[PDB]
Amino acid sequence: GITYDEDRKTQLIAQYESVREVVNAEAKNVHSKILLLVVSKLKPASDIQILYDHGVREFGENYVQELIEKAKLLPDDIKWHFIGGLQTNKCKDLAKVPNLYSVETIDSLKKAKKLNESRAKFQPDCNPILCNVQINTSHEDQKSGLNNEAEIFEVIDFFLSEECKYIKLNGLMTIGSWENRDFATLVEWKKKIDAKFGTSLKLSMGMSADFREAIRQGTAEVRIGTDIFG
Ligand SMILES: *Cc1c(COP(=O)(O)O)cnc(C)c1O
């Protein structure tokens, strides 16, 4: 497939395994496996091939066109996770990727309906896209994420409806803020929702600077790039 240098291979795998060892060590230190989503945004496809060949399957991309271009160049069994800003007009585009495993940035009912809509038309055959609801856990104003309980509840209601058959509600997601109060707020959102809808939501929180704490607060998935591709 994509050709890569041997010195970079040895270095990428080393840095990755070291990140994965700390994630596993942190997890094993609590009261069962956490996903290490490898955020390859802006990284070349050769780097992904390096890790792919190493056994890695789940990579996170933030840009729609980049993910699509990347998906066509690399193996079909990669489990792409779209973790960037989602515009309703790009849903149709994303839905076309067969191996689009997950979309963690659904932050409106309009978007959920459009992705489910698009997925039905272009890849009804393919497995339902696993989805996370992005919530603004910061107590500040943030360009993305939901903060309104009524609107959040309305998004969850649709996911559990019979009409939503091509995208599956998996959990909650947050970019945090800039002990962790943000992860704490996400944890509280999962309880209020699990209680009201009878769900057992999966949490996606924790990045390069705070994945350890996220791991301590119950995360089911951490998204790390910098620590792995440096
Ligand atoms: C880029 C990004 C990450 C990862 O942070 P790193 O310092 O690169 O580990 C995780 N989640 C989202 C939504 C991102 O934009």
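What counts and what doesn't
Chain by chain, residues are numbered from 1 following the written sequence, and this numbering need not agree with the entry; no residue without coordinates is displayed. Side-chain metrics in this entry use all non-hydrogen atoms of the structure; hydrogen atoms and water are not considered. The rule for a salt bridge is simple: a side-chain nitrogen of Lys or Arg has to be within 4 Å of a carboxyl oxygen of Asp or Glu. Helix and strand definitions follow DSSP, with helices as H or I runs of at least four residues and strands as E runs of at least two, each counted in order from the N terminus. Working definition of a nonpolar core: buried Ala, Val, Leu, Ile, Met, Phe, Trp, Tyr and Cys residues. They are joined through side-chain atoms within 4.5 Å. The buried label applies to any residue whose accessible area, calculated with a 1.4 Å probe on protein chains only, is under 20% of its type's maximum; exposed applies above 50%, and partly exposed to all values in between. We call two residues in contact when some of their heavy atoms are within 4.5 Å. Near, as used in this document, describes a residue that has one of its heavy atoms within 4 Å of the molecule or strand being considered. Whenever two N or O atoms come within 3.5 Å, that pair is a polar contact, provided that in protein one can donate a hydrogen and the other can accept it, and provided that, for residues adjacent in sequence, both atoms are side-chain atoms. We call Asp, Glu, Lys and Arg charged. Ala, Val, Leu, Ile, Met, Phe, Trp, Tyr, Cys and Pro are nonpolar, and the rest, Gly among them, are polar.

X-ray crystallography is the method the PDB entry lists for this structure, together with a resolution of 2.1 Å.

Draft legend 1. Region of the structure containing the pattern of salt bridges. In this structure the tally under the stated criterion is 15 salt bridges. Between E66 and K70 there is a salt bridge, and its shortest N-O distance comes to 2.6 Å. On the criterion of helical spacing, the pair formed by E66 and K70 is a turn pair, its members being 4 residues apart in helix α3 (residues 64-73). One salt bridge connects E149 with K192, and the closest N-O pair in it is separated by 2.5 Å.

Draft legend 2. Spatial organisation of the nonpolar core. Among the nonpolar cores identified, the biggest contains 61 residues, and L51, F159 and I228 are the most heavily contacted of them. For this core, the element with the highest residue contribution is helix α6 (residues 149-159), accounting for 6 residues. Not counting the four nearest positions on each side in its chain, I228 is found in contact with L12, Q15, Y16, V19, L36, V38 and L51.

Draft legend 3. Structural context of unusual backbone geometry. A positive phi angle is found at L42, which is not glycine, with a value near 65 degrees. Take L42: it is sitting in the loop between β1 (35-39) and α2 (45-54).

Draft legend 4. Quick peek at the site of the ligand. As a structural note, the neighbourhood of the ligand is formed by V39, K41, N62, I83, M173, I175, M207, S208, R223, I224, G225 and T226. Contacts to the ligand include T226, whose backbone N or O atom sits 3.2 Å from an oxygen atom. Partitioning the shell around the ligand into residue classes produces 6 nonpolar, 4 polar and 2 charged.

Draft legend 5. Quick look at the environment of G84. In this fold, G84 is placed in the loop between β3 (79-82) and α4 (91-95). Linking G84 and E104, residues 20 residues apart in sequence, is a C-alpha distance of 8.0 Å. Those residues in contact with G84, other than ones at most four positions away along the chain, are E61, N62 and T105.

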